[PDB]
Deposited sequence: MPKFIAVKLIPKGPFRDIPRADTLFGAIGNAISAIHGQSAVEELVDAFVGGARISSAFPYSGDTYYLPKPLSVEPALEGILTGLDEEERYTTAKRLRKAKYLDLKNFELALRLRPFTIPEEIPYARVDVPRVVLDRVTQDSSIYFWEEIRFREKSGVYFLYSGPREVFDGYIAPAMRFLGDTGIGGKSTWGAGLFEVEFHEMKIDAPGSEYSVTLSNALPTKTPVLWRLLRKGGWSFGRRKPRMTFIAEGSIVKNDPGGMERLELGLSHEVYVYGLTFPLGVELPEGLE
């Protein structure tokens, strides 16, 4: 399907690459500061109603990276010394380019990005004595981070766009159409970290306290869910954990 790619062009380093829960949080907060909670409720309604956002992924120039579907981890066998050596580096890869992602969805042979467009530099400082580290993300030239939006344009123009501009004031924003060709399938990858309703097929746990399914996890007809809770703040807080599904071919295993 086709999606809106929200490109975050960074004006300096970033603490982390944000996932769907943190992105929905930031966006819900921004909409509360602009249109009040009436608009926050309409946002949740739009999302519960079928609208979705992905977690953030790196881009480099005209190269969009997506998360490696966990579907291909147990399929890799589909030379002796060469195959075990590549298979260990495919198994360690977090990201594929768009072209190699669309192939992985179909269990066709695919290659890995050689160099990834961000470096984790953790900078040390002395505290009065001990040493502490702050993870920073340094972006290569014309590189940065993007997320996908699926749903009606009016919800994008009315909530996501104005919110993302507000959040930019560390980054500027631009958006482009993105197409991902994905096979028709009973099974899907999530491009967002999710709170599942069913037990999923393949998954990595993500501890945050909430138990999330990571980006790249595989589900069978799992929309995920949103949670509201009270933390003693002025407003009730919504936690995004909806799935951003693309069809994925599974090996018989």
Gaps in the model (deposited sequence, numbered from 1):
1, 80-84, 135-140, 182-193, 233-242, 288-289
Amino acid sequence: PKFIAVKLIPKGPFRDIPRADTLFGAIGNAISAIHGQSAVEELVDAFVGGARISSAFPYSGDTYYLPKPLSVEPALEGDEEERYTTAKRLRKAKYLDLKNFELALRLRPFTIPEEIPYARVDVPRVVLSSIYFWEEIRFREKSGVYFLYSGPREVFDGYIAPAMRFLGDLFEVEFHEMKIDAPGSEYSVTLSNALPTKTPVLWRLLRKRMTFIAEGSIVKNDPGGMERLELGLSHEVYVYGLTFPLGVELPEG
From here on, numbers count along this sequence of modelled residues.
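In this text, the rigid core denotes the largest set of C-alpha atoms whose superposition between the two forms falls within 1.5 Å.
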Once the rigid core is matched, which of the two stretches, 133-141 or 85-93, lies farther off on average in 6 other deposited structures of this protein by C-alpha?
133-141
Is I17 missing in a third or more of the other PDB entries that were compared?
no
Determine, among the other compared PDB entries that model residues flanking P245, whether at least a third leave it unmodelled.
no
State which stretch shows the higher mean Cα B factor in the entry: 50-58 or 30-38.
30-38
Would 177-185 or 114-122 have the larger average of its C-alpha temperature factors, as given in the entry?
114-122
Classify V155 as lowest, middle or highest third according to the C-alpha B-factor given in the PDB entry, relative to its own chain.
middle
For the chain shown, is the CA B-factor of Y240 in the lowest, middle or highest third of its modelled residues?
lowest
Compared with the other modelled residues in the chain, in which third is the CA B-factor of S71?
lowest
Would you mind checking where the Cα B-factor of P10 ranks among the modelled residues of its chain, as the lowest, middle or highest third?
middle
Quick tally, chain-level thirds of C-alpha B-factors: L96 sits in the lowest
